[PDB]
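J.: Let me begin by handing over the structure; questions about it come next.
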Amino acid sequence: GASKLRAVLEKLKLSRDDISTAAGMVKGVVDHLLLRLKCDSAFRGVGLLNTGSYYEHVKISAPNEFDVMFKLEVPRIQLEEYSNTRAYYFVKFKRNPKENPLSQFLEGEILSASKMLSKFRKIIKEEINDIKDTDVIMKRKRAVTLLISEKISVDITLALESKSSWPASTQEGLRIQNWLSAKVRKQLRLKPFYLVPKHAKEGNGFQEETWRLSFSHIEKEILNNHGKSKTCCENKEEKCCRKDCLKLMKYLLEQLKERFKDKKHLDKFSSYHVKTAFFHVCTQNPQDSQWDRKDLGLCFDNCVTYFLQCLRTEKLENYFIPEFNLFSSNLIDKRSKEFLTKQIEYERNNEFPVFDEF
Ligand SMILES: O=C(N[C@H]1CCCC[C@H]1C(=O)O)c1cnn2c(O)cc(-c3ccccc3)nc12
Ligand SMILES: [Zn+2]
């Protein structure tokens with residue numbers, strides 16, 4: 001039975017125009033910040049990445065919330081893996097010429113995430129007061145969050161771009177060979193990779209000089225060209241339910257996270273856990289016949305089921321970094337995974353009551 005699922009998808013599709021209205025305000029403010037950021041010597045090669053739920057056509061439930069990525073090309077870099085994490089790294093430089101534009105942010109031979117982000121926040125803070133066209137406020141440190149016309153929030157991330165070969169930790173990741181082909185995997189790995197400033201906490205405290213790997217652009221490519229067949233979702237006979245299953249999984253977590261926001265258990269779960277689990281199910285079911293539109297109910301049930309297995313077994317590997325486990329006991333406590341398991345199972349057993357705005 002896919003009736004309630006198909007109902008939700010139609011309701012979610014009605015948010016397209018509202019998201020579009022808000023997006024216009026954001027494109028205006030962002031184009032302005034990039035024009036002013038490009039003036040500084042350090043952030044000269046800064047640009048808009050254009051990755052995320054929005055550009056992957058999976059943006060469900062929040063027109064007053066946008067996430068934007070700012071890429072900055074860094075030329076000849078050397079990476080040093082932090083504490084055998086496989087996902088966190090220190091950014092070092094190797095050549096002599098020319099005079100590196102980021103020299104000002106070096107805290108030794110290592111590029112400071114804090115000094116980099118401070119200048120980024122400083123230029124952004126300086127340019128939001130100069131702009132009079134719309135009312136823009138910058139929200140406090142908790143990378144940079146704006147509030148346009150007192151409604152739209154914009155989360156702005158800075159990401160370093162490296163056209164180098166992907167780190168060794170990714171060597172056995174992106175298992176798309178039997179689904180999207182090895183030909184495609186070769187083409188995709190030749191593309192750049194990004195590093196977003198994210199500190200790593202070992203329990204005692206922060207490492208505020210590390211950068212985490214990002215493949216937002218590859219996730220978009222894979223989601224927007226997702227079939228084994230090149231004509232998947234181009235004709236009546238070749239329509240699939242891949243994206244619809246991801247939209248439903250994303251919405252399932254958001255609704256349950258909303259329902260229990262005052263409880264604090266589900267705070268550690270994110271749409272990235274859902275998306276990662278989704279890509280794993282795509283690897284398990286490589287055929288477009290396994291994703292038939294008529295089988296939506298059965299396909300979403302495998303996604304729910306796989307996600308629950310990950311919660312029980314405390315095992316959800318990053319799709320690009322196999323050795324990094326997103327459901328490690330050190331990241332998410334067992335009681336929290338058990339609460340989310342309890343809730344998802346109840347929902348599945350009662351024809352998803354949370355789909356009806358709880
Ligand atoms: O939200 C995200 N992730 C959350 C889920 C658990 C771990 C960090 C959490 C957080 O940063 O809040 C997230 C959104 N894109 N993206 C991405 O492109 C890569 C990674 C990633 C994560 C771990 C290891 C290697 C790469 N994460 C993300
Ligand atoms: Zn398709």
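Identifiers in this document derive from the order of the structure tokens: chains are assigned A, B, ..., residues are numbered from 1 separately in each chain, and ligands are numbered from 1 in order of occurrence.
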Return as a count of residues only the residues of protein, DNA or RNA that approach ligand 1 to within 10 Å, with only C-alpha atoms and all ligand atoms taken into account.

T.: 50

J.: Residues within 6 Å of ligand 2, counting only C-alpha atoms and all ligand atoms: report them as a PyMOL selection string.

T.: chain A and resi 227+232-233+239-240

J.: Go ahead and dump the residues you just picked, C-alpha atoms, as a PDB file, in the first residue's frame.

T.:
ATOM      1  CA  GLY A 227      19.449   4.860 -12.952  1.00  0.00           C
ATOM      2  CA  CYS A 232      15.577   6.186 -16.370  1.00  0.00           C
ATOM      3  CA  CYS A 233      12.700   8.608 -15.555  1.00  0.00           C
ATOM      4  CA  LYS A 239       9.678   5.781 -14.212  1.00  0.00           C
ATOM      5  CA  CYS A 240      11.350   4.801 -10.840  1.00  0.00           C
TER       6      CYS A 240
END

J.: Taking into account only C-alpha atoms, which residue in the set A:245, A:356, A:72, A:285 is nearest to residue 301 (chain A)?

T.: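 Of the candidates, the smallest distance to residue 301 (chain A) is held by A:245.
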
J.: In Å, rounded to a single decimal, give me how far CA of residue 47 (chain A) is from CA of residue 188 (chain A).

T.: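 Spanning CA of residue 188 (chain A) to CA of residue 47 (chain A) is a straight-line distance of 20.7 Å.
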
J.: Would you give me, as a list in words, the residues in region 90-205 of chain A that DSSP reads as alpha helix (DSSP H)?

T.: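 Those residues are residues 113, 114, 115, 116, 117, 118, 119, 120, 121, 122, 123, 124, 125, 126, 127, 128, 129, 130, 182, 183, 184, 185, 186, 187, 188 and 189 of chain A.
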
J.: For a test of reading the model, state the distance in Å between CA of residue 185 (chain A) and CA of residue 54 (chain A), rounded to one decimal.

T.: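 For CA of residue 185 (chain A) relative to CA of residue 54 (chain A), the distance reads 23.7 Å.
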
J.: Quick one: residues within 12 Å of residue 209 (chain A), only C-alpha atoms, excluding same-chain residues fewer than 4 positions away - as a PDB file with N, CA and C atoms, in the first residue's frame?

T.:
ATOM      1  N   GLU A  80      47.148  15.852   5.919  1.00  0.00           N
ATOM      2  CA  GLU A  80      47.660  14.995   6.982  1.00  0.00           C
ATOM      3  C   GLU A  80      46.459  14.528   7.788  1.00  0.00           C
ATOM      4  N   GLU A  81      46.140  13.222   7.706  1.00  0.00           N
ATOM      5  CA  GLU A  81      44.999  12.618   8.404  1.00  0.00           C
ATOM      6  C   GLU A  81      45.162  12.741   9.926  1.00  0.00           C
ATOM      7  N   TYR A  82      44.135  13.316  10.595  1.00  0.00           N
ATOM      8  CA  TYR A  82      44.135  13.510  12.045  1.00  0.00           C
ATOM      9  C   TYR A  82      43.678  12.254  12.778  1.00  0.00           C
ATOM     10  N   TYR A  88      38.783  13.339   8.976  1.00  0.00           N
ATOM     11  CA  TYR A  88      39.315  14.622   9.446  1.00  0.00           C
ATOM     12  C   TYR A  88      40.787  14.739   9.084  1.00  0.00           C
ATOM     13  N   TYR A  89      41.182  15.942   8.621  1.00  0.00           N
ATOM     14  CA  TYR A  89      42.515  16.233   8.103  1.00  0.00           C
ATOM     15  C   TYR A  89      43.016  17.615   8.472  1.00  0.00           C
ATOM     16  N   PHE A  90      44.350  17.775   8.403  1.00  0.00           N
ATOM     17  CA  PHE A  90      45.048  19.047   8.581  1.00  0.00           C
ATOM     18  C   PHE A  90      45.498  19.479   7.176  1.00  0.00           C
ATOM     19  N   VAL A  91      45.291  20.751   6.824  1.00  0.00           N
ATOM     20  CA  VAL A  91      45.643  21.273   5.503  1.00  0.00           C
ATOM     21  C   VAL A  91      47.006  21.979   5.562  1.00  0.00           C
ATOM     22  N   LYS A  92      47.998  21.386   4.893  1.00  0.00           N
ATOM     23  CA  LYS A  92      49.356  21.902   4.782  1.00  0.00           C
ATOM     24  C   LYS A  92      49.621  22.256   3.330  1.00  0.00           C
ATOM     25  N   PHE A 105      46.544  32.990   7.445  1.00  0.00           N
ATOM     26  CA  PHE A 105      45.805  32.034   8.292  1.00  0.00           C
ATOM     27  C   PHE A 105      46.636  30.819   8.722  1.00  0.00           C
ATOM     28  N   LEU A 106      47.929  30.742   8.342  1.00  0.00           N
ATOM     29  CA  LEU A 106      48.776  29.618   8.740  1.00  0.00           C
ATOM     30  C   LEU A 106      49.110  29.758  10.242  1.00  0.00           C
ATOM     31  N   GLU A 107      48.800  28.723  11.045  1.00  0.00           N
ATOM     32  CA  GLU A 107      49.122  28.673  12.477  1.00  0.00           C
ATOM     33  C   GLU A 107      50.194  27.589  12.574  1.00  0.00           C
ATOM     34  N   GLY A 108      51.349  27.916  12.014  1.00  0.00           N
ATOM     35  CA  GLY A 108      52.500  27.033  11.911  1.00  0.00           C
ATOM     36  C   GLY A 108      52.664  26.684  10.452  1.00  0.00           C
ATOM     37  N   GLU A 109      52.764  25.384  10.146  1.00  0.00           N
ATOM     38  CA  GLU A 109      52.809  24.881   8.766  1.00  0.00           C
ATOM     39  C   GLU A 109      51.364  24.464   8.354  1.00  0.00           C
ATOM     40  N   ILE A 110      50.425  24.499   9.331  1.00  0.00           N
ATOM     41  CA  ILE A 110      49.029  24.101   9.234  1.00  0.00           C
ATOM     42  C   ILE A 110      48.122  25.326   9.076  1.00  0.00           C
ATOM     43  N   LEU A 111      47.154  25.241   8.142  1.00  0.00           N
ATOM     44  CA  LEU A 111      46.155  26.284   7.870  1.00  0.00           C
ATOM     45  C   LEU A 111      45.097  26.232   8.971  1.00  0.00           C
ATOM     46  N   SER A 112      44.890  27.370   9.679  1.00  0.00           N
ATOM     47  CA  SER A 112      43.926  27.483  10.776  1.00  0.00           C
ATOM     48  C   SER A 112      42.517  27.585  10.251  1.00  0.00           C
ATOM     49  N   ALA A 113      41.630  26.744  10.763  1.00  0.00           N
ATOM     50  CA  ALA A 113      40.208  26.760  10.417  1.00  0.00           C
ATOM     51  C   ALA A 113      39.583  27.994  11.066  1.00  0.00           C
ATOM     52  N   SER A 114      39.929  28.232  12.349  1.00  0.00           N
ATOM     53  CA  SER A 114      39.447  29.354  13.159  1.00  0.00           C
ATOM     54  C   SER A 114      39.817  30.725  12.575  1.00  0.00           C
ATOM     55  N   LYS A 115      41.103  30.936  12.231  1.00  0.00           N
ATOM     56  CA  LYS A 115      41.573  32.206  11.651  1.00  0.00           C
ATOM     57  C   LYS A 115      40.927  32.454  10.266  1.00  0.00           C
ATOM     58  N   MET A 116      40.733  31.372   9.492  1.00  0.00           N
ATOM     59  CA  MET A 116      40.103  31.389   8.165  1.00  0.00           C
ATOM     60  C   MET A 116      38.647  31.785   8.283  1.00  0.00           C
ATOM     61  N   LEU A 117      37.925  31.122   9.188  1.00  0.00           N
ATOM     62  CA  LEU A 117      36.497  31.345   9.378  1.00  0.00           C
ATOM     63  C   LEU A 117      36.230  32.710   9.999  1.00  0.00           C
ATOM     64  N   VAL A 196      35.441  20.956   4.451  1.00  0.00           N
ATOM     65  CA  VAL A 196      34.655  21.921   5.220  1.00  0.00           C
ATOM     66  C   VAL A 196      35.272  21.952   6.617  1.00  0.00           C
ATOM     67  N   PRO A 197      35.396  23.128   7.252  1.00  0.00           N
ATOM     68  CA  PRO A 197      35.998  23.165   8.586  1.00  0.00           C
ATOM     69  C   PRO A 197      35.048  22.588   9.607  1.00  0.00           C
ATOM     70  N   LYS A 198      35.444  21.456  10.191  1.00  0.00           N
ATOM     71  CA  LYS A 198      34.696  20.753  11.217  1.00  0.00           C
ATOM     72  C   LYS A 198      35.726  20.246  12.210  1.00  0.00           C
ATOM     73  N   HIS A 199      35.588  20.629  13.484  1.00  0.00           N
ATOM     74  CA  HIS A 199      36.507  20.126  14.502  1.00  0.00           C
ATOM     75  C   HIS A 199      36.104  18.707  14.895  1.00  0.00           C
ATOM     76  N   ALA A 200      37.060  17.932  15.399  1.00  0.00           N
ATOM     77  CA  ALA A 200      36.800  16.562  15.837  1.00  0.00           C
ATOM     78  C   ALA A 200      37.005  16.525  17.364  1.00  0.00           C
ATOM     79  N   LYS A 201      36.008  15.967  18.093  1.00  0.00           N
ATOM     80  CA  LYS A 201      36.026  15.871  19.554  1.00  0.00           C
ATOM     81  C   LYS A 201      36.298  14.422  19.934  1.00  0.00           C
TER      82      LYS A 201
END

J.: Hey, what's within 7 Å of residue 144 (chain A) if we count only C-alpha atoms and toss same-chain stuff fewer than 2 positions away? As a ChimeraX atom specification, please?

T.: /A:121,146,155-157

J.: Store the residues of this selection in a file with N, CA and C atoms, as an mmCIF file, in the first residue's frame.

T.:
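Here's the written file again29.cif:
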data_model
loop_
_atom_site.group_PDB
_atom_site.id
_atom_site.type_symbol
_atom_site.label_atom_id
_atom_site.label_comp_id
_atom_site.auth_asym_id
_atom_site.auth_seq_id
_atom_site.Cartn_x
_atom_site.Cartn_y
_atom_site.Cartn_z
ATOM 1 N N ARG A 121 33.759 35.337 8.472
ATOM 2 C CA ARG A 121 32.665 35.897 9.278
ATOM 3 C C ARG A 121 32.787 37.429 9.348
ATOM 4 N N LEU A 146 22.505 33.805 8.390
ATOM 5 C CA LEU A 146 21.855 35.086 8.144
ATOM 6 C C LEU A 146 20.378 34.940 8.376
ATOM 7 N N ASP A 155 22.134 29.360 6.140
ATOM 8 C CA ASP A 155 23.338 28.742 6.696
ATOM 9 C C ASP A 155 24.404 28.771 5.573
ATOM 10 N N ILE A 156 25.500 29.531 5.787
ATOM 11 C CA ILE A 156 26.598 29.678 4.821
ATOM 12 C C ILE A 156 27.836 28.901 5.302
ATOM 13 N N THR A 157 28.280 27.952 4.468
ATOM 14 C CA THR A 157 29.450 27.119 4.710
ATOM 15 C C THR A 157 30.566 27.510 3.744
#

J.: If you count only C-alpha atoms, which residues fall within 8 Å of residue 165 (chain A), apart from same-chain ones fewer than 2 positions away, as a ChimeraX atom specification?

T.: /A:163,167,189-190,192

J.: Enumerate, as a PyMOL selection string, the complete set of residues in region 25-256 of chain A that a backbone-based DSSP assignment places in strand (DSSP E).

T.: chain A and resi 46-48+65-73+77-81+88-93+136-139+144-148+152-162+193-197+211-214

J.: May I have the selected residues written with N, CA and C atoms, as a short mmCIF file (atom, residue, chain, number, x, y, z; two decimals), in the first residue's frame?

T.:
data_model
loop_
_atom_site.label_atom_id
_atom_site.label_comp_id
_atom_site.auth_asym_id
_atom_site.auth_seq_id
_atom_site.Cartn_x
_atom_site.Cartn_y
_atom_site.Cartn_z
N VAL A 46 36.81 32.73 -4.62
CA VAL A 46 35.59 32.27 -3.99
C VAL A 46 34.45 32.25 -5.00
N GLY A 47 33.61 31.23 -4.87
CA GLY A 47 32.45 31.02 -5.73
C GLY A 47 31.36 30.23 -5.03
N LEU A 48 30.21 30.11 -5.69
CA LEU A 48 29.03 29.41 -5.17
C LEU A 48 29.11 27.95 -5.62
N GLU A 65 14.32 28.32 5.34
CA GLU A 65 15.63 27.78 5.73
C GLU A 65 16.39 27.31 4.48
N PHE A 66 17.51 27.98 4.15
CA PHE A 66 18.38 27.61 3.04
C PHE A 66 19.79 27.39 3.51
N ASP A 67 20.48 26.46 2.87
CA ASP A 67 21.87 26.13 3.14
C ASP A 67 22.65 26.47 1.87
N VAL A 68 23.71 27.31 1.95
CA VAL A 68 24.53 27.66 0.78
C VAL A 68 25.98 27.29 1.06
N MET A 69 26.69 26.86 0.01
CA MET A 69 28.09 26.46 0.07
C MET A 69 28.92 27.39 -0.79
N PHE A 70 30.04 27.88 -0.22
CA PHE A 70 30.98 28.76 -0.91
C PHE A 70 32.28 27.98 -1.11
N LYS A 71 32.63 27.67 -2.37
CA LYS A 71 33.88 26.97 -2.68
C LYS A 71 35.02 27.99 -2.81
N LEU A 72 36.25 27.58 -2.45
CA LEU A 72 37.45 28.42 -2.56
C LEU A 72 38.55 27.50 -3.02
N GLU A 73 39.02 27.69 -4.24
CA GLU A 73 40.05 26.82 -4.76
C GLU A 73 41.38 27.06 -4.06
N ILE A 77 47.98 21.50 -2.35
CA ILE A 77 47.89 21.25 -0.92
C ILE A 77 48.32 19.87 -0.56
N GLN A 78 48.70 19.71 0.70
CA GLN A 78 49.10 18.43 1.25
C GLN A 78 48.22 18.18 2.47
N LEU A 79 47.62 16.98 2.55
CA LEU A 79 46.72 16.60 3.64
C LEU A 79 47.40 15.65 4.61
N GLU A 80 47.15 15.85 5.92
CA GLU A 80 47.66 14.99 6.98
C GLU A 80 46.46 14.53 7.79
N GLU A 81 46.14 13.22 7.71
CA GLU A 81 45.00 12.62 8.40
C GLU A 81 45.16 12.74 9.93
N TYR A 88 38.78 13.34 8.98
CA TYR A 88 39.31 14.62 9.45
C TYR A 88 40.79 14.74 9.08
N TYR A 89 41.18 15.94 8.62
CA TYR A 89 42.52 16.23 8.10
C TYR A 89 43.02 17.61 8.47
N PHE A 90 44.35 17.78 8.40
CA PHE A 90 45.05 19.05 8.58
C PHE A 90 45.50 19.48 7.18
N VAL A 91 45.29 20.75 6.82
CA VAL A 91 45.64 21.27 5.50
C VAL A 91 47.01 21.98 5.56
N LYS A 92 48.00 21.39 4.89
CA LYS A 92 49.36 21.90 4.78
C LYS A 92 49.62 22.26 3.33
N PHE A 93 50.67 23.07 3.10
CA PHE A 93 51.11 23.51 1.77
C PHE A 93 52.56 23.08 1.55
N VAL A 136 18.94 42.44 6.58
CA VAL A 136 19.72 41.22 6.80
C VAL A 136 20.45 41.34 8.13
N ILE A 137 20.24 40.36 9.00
CA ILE A 137 20.81 40.26 10.35
C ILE A 137 21.70 39.01 10.35
N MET A 138 22.83 39.03 11.07
CA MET A 138 23.72 37.86 11.18
C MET A 138 23.57 37.22 12.58
N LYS A 139 23.22 35.93 12.64
CA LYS A 139 23.01 35.21 13.89
C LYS A 139 24.31 34.67 14.45
N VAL A 144 28.25 30.54 9.21
CA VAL A 144 27.63 31.86 9.31
C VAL A 144 26.16 31.71 8.99
N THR A 145 25.28 32.22 9.86
CA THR A 145 23.83 32.15 9.62
C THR A 145 23.24 33.55 9.49
N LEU A 146 22.50 33.80 8.39
CA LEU A 146 21.85 35.09 8.14
C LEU A 146 20.38 34.94 8.38
N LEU A 147 19.69 36.08 8.49
CA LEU A 147 18.25 36.13 8.63
C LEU A 147 17.75 37.24 7.72
N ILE A 148 17.19 36.88 6.56
CA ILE A 148 16.73 37.86 5.59
C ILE A 148 15.30 38.25 5.89
N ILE A 152 13.67 34.34 6.48
CA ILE A 152 14.52 33.39 5.81
C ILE A 152 15.85 33.26 6.51
N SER A 153 16.25 32.06 6.88
CA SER A 153 17.54 31.85 7.51
C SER A 153 18.47 31.26 6.47
N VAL A 154 19.72 31.74 6.38
CA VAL A 154 20.68 31.17 5.43
C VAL A 154 21.93 30.68 6.13
N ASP A 155 22.13 29.36 6.14
CA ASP A 155 23.34 28.74 6.70
C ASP A 155 24.40 28.77 5.57
N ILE A 156 25.50 29.53 5.79
CA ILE A 156 26.60 29.68 4.82
C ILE A 156 27.84 28.90 5.30
N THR A 157 28.28 27.95 4.47
CA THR A 157 29.45 27.12 4.71
C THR A 157 30.57 27.51 3.74
N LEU A 158 31.83 27.48 4.22
CA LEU A 158 33.02 27.73 3.41
C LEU A 158 33.62 26.33 3.20
N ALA A 159 34.02 26.03 1.97
CA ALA A 159 34.60 24.74 1.64
C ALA A 159 35.80 24.94 0.73
N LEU A 160 36.94 24.34 1.09
CA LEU A 160 38.15 24.42 0.28
C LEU A 160 37.98 23.45 -0.87
N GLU A 161 38.45 23.80 -2.06
CA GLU A 161 38.35 22.92 -3.22
C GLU A 161 39.75 22.41 -3.52
N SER A 162 39.88 21.11 -3.78
CA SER A 162 41.16 20.52 -4.17
C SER A 162 40.90 19.66 -5.39
N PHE A 193 37.37 17.47 -4.76
CA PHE A 193 36.83 17.08 -3.47
C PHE A 193 36.92 18.29 -2.59
N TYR A 194 36.05 18.38 -1.60
CA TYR A 194 35.99 19.56 -0.74
C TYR A 194 36.33 19.24 0.69
N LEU A 195 36.71 20.28 1.43
CA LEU A 195 37.04 20.18 2.84
C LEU A 195 36.34 21.30 3.54
N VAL A 196 35.44 20.96 4.45
CA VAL A 196 34.66 21.92 5.22
C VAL A 196 35.27 21.95 6.62
N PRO A 197 35.40 23.13 7.25
CA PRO A 197 36.00 23.17 8.59
C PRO A 197 35.05 22.59 9.61
N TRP A 211 39.73 19.70 9.23
CA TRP A 211 38.83 19.87 8.11
C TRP A 211 38.27 18.50 7.70
N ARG A 212 36.95 18.42 7.48
CA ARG A 212 36.31 17.18 7.09
C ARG A 212 36.06 17.14 5.60
N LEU A 213 36.14 15.94 5.01
CA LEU A 213 35.90 15.73 3.59
C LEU A 213 34.43 15.91 3.24
N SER A 214 34.17 16.50 2.06
CA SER A 214 32.82 16.72 1.56
C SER A 214 32.74 16.31 0.07
#

J.: Considering only C-alpha atoms, can you say which of A:37, A:175, A:299, A:249 comes closest to residue 126 (chain A)?

T.: A:37
